[PDB]
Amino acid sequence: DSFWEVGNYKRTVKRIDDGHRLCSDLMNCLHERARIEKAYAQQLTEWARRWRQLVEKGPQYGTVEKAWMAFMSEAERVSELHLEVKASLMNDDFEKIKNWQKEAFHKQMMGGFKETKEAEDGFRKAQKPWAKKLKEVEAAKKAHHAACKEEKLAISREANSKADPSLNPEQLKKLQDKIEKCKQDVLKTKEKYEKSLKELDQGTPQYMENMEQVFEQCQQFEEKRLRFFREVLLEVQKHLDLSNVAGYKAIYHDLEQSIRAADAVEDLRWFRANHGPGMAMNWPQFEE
């Protein structure tokens, strides 16, 4: 599972397709939060429109009605703010990532991204010679082991050729030859297996240099997405932060003033003059 194993570089190459996937994930994440902002804003607008009508058609008038009516304005202003959050999330943030994704990942007409194919081809090139050599080394490995294995089998051949009745002179003096055949045969493949081994060893330095070369390029492409993510995220934080927006605090300073403008006395003074004792009256008199 080590990077240096043949083909294990694929994990690094995979990170490229993953990088494109992560940009799409972030985009969906933000799109989803934007819908949530719009939803809260829309429910507030609906609530404001519904209650503006109910208060207006209801029996509450005067300065107290204005105090109550101020809450519909508050909801409408909080809604505008969340619609701005949504607008900033989609028009700026979402679009910025959508465009970066497009400028960094290019489809190769055949499927997949050109940057992935590039990385893959660079790693192959850099691994090709070493892989070829490692290949012959393995062959020389299964060879030496094939010899050793075929040795003891012959060593026990003439051995188990004693507890047998029909033990001809040749049929027994010849089976002892196979042992000698395998004897040097093993030492033979041995040197073979040893040659390729040290040949591989002397070829690893170059091999590692080429692999680290390609890996570094990948690290550089990845660094771009990572820095880009931090940059956009700092911008998303700003768009969501309503705690440092004066316009938000203004909503409530204004709401408070409207409420404080409620004047019980003045309201009742009007009622007296327009619906109570304060009303003029045409008292009865002689009428013929």
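Residues carry their position along the shown sequence, with the first being 1.
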- Query: Got a sec? Mean C-alpha B-factor, which is higher, 176 to 184 or 126 to 134?
  - Reply: 176 to 184
- Would you mind comparing 137 to 145 and 70 to 78 for me and telling me which has the higher average C-alpha temperature factor in the entry? 137 to 145
- Per the deposited entry, the peak Cα B-factor within the set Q101, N168, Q206, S88 goes to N168
- Item | Given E191, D121, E115, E95, the residue at which the Cα B factor reaches its maximum | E191
- Chain thirds by Cα B factor, record data; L83 belongs to the lowest
